[PDB]
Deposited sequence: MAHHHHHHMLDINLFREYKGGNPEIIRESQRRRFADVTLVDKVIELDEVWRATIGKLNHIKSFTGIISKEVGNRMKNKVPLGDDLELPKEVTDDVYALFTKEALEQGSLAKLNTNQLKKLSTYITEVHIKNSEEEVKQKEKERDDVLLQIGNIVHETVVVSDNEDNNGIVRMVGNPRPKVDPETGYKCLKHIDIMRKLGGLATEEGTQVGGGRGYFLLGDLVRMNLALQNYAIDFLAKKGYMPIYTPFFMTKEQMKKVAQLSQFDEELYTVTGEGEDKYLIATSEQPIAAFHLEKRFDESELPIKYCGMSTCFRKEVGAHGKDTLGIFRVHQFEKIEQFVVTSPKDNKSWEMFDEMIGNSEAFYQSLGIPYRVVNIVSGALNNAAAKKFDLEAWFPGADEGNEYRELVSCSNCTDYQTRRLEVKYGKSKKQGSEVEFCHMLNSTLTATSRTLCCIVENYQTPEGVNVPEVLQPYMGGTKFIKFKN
């Protein structure tokens, strides 16, 4: 059983288990004290409701006394103001001892009706606002705690400890044992094909800018076309998205730190917008405030978009070619599931399995890696990456991520109000199928020859039968 993060989990008196949240924070190497802060604020909130109900009882105590006086035909008295001693402290009049000793008998009936009005206007309203402030204060701390980390996640703060789950395929050696031919790197291969112009690309579009030319363009399309067919046949609905999102929409699907490191701003028509970093962002927002029955789940989407990333944190990293760029196309798996019966965890296995079958069909060797708990973002309960073999890489850098697959359970569906059926929420998952510029880098390295690049068998029909791309220089 994997827990959802909600306020009840913090409440030891209501069947909750706050130590689970502390343990998740420790595995995230995050602020463990947030758990006790939420508990403290929740208790103050609940105590504040108790005070409000205590003040509200004063209303009934007054009206009952007024009612008894009217039945007994007691004169109302003059239109007197409340004594300063009463309004200095109305609480002192409503103790059991004070009432028995005749606290209200000191006031005529006109004064009792003024007192009730005063209590409503000055004390009940003040307490009602204080209840709202404390509720928001608690909820604001709760929003800072990350999703519960799944028990199968490797507990570590260093991705050197990412668990190697399995290895699939036959990675060609960097140096051919019979001819001594050393595998070239993707950028040299693509330039030797005449298919890549980083010089005009950066002149025209800024850093990391590129033009792709010729057969590499046709292979770029072939990958997209095949990926969409591949997922459509597995029941994933193809969906093409806006590449813009309004800022208020983006704030519902992304972490605030992504805004400075990752997201471009776009201005000039209507509200300022962000360019999307992944079709997962608009496809998530697509579900804003919707409700789904068990009979309507799961919902499977094959998302398609160009993706834009500022890569501010990665200056000086992967600066050669189109492995790490600001602009690339990506085919994405996106699934909404029931929150019941470990279905989202079963869907996680299905989605990483889809990506594995995809790269096996391409003849791309890879390994599946279990991402350490300290590196998960706040939404993910678990993340598997597929790291593919790059036989032209510099020593030690041969396995590089091509795919990430995450189960976010109900972390984002809560923020988007994607309800199931004290509401319950759906679960959401996402997984890369293929980001094509980096997959093209991997293909050209694994399929290179001394004369050019072989086209993977499964892509040949999607390229009009082209079997081979010959070096031009």
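Stretches of the deposited sequence left without coordinates are 1-5, 427-433, in sequence order.
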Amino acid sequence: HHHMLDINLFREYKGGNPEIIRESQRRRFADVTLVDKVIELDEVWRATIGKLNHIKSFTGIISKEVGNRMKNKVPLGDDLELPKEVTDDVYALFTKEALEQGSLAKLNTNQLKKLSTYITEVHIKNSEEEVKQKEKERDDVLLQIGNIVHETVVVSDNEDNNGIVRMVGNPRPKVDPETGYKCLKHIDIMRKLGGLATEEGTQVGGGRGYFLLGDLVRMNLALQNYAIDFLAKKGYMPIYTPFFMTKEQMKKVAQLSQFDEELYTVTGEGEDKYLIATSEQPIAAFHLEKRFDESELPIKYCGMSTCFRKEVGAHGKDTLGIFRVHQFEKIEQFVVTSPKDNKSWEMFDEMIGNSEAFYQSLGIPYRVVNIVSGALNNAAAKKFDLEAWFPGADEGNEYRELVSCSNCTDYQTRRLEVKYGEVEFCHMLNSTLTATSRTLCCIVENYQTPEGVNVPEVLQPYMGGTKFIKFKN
From here on, numbers count along this sequence of modelled residues.
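Legend: mean Cα B-factor per stretch from the PDB entry, 434-442 versus 53-61; the higher mean is in 53-61. The mean Cα B-factor in the deposited entry runs higher for 64-72 than for the other of 411-419 and 64-72.
Of the candidates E346, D318, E329, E178, the one whose C-alpha carries the top B factor in the deposited record is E178. Reading the B-factor column for the CA atoms of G268, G194, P391, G77 in the entry, the top value corresponds to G77. Among the modelled residues of its chain, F94 has a C-alpha B-factor that falls in the highest third according to the deposited record.
Ranked within its chain, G209 lands in the lowest third, by CA B factor from the PDB record. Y447: CA B factor lies in the lowest third for its chain, per the PDB record. In this PDB entry, the Cα temperature factor of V253 sits in the middle third of its chain's modelled residues. Among the modelled residues of its chain, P298 has a C-alpha B-factor that falls in the middle third according to the deposited record.
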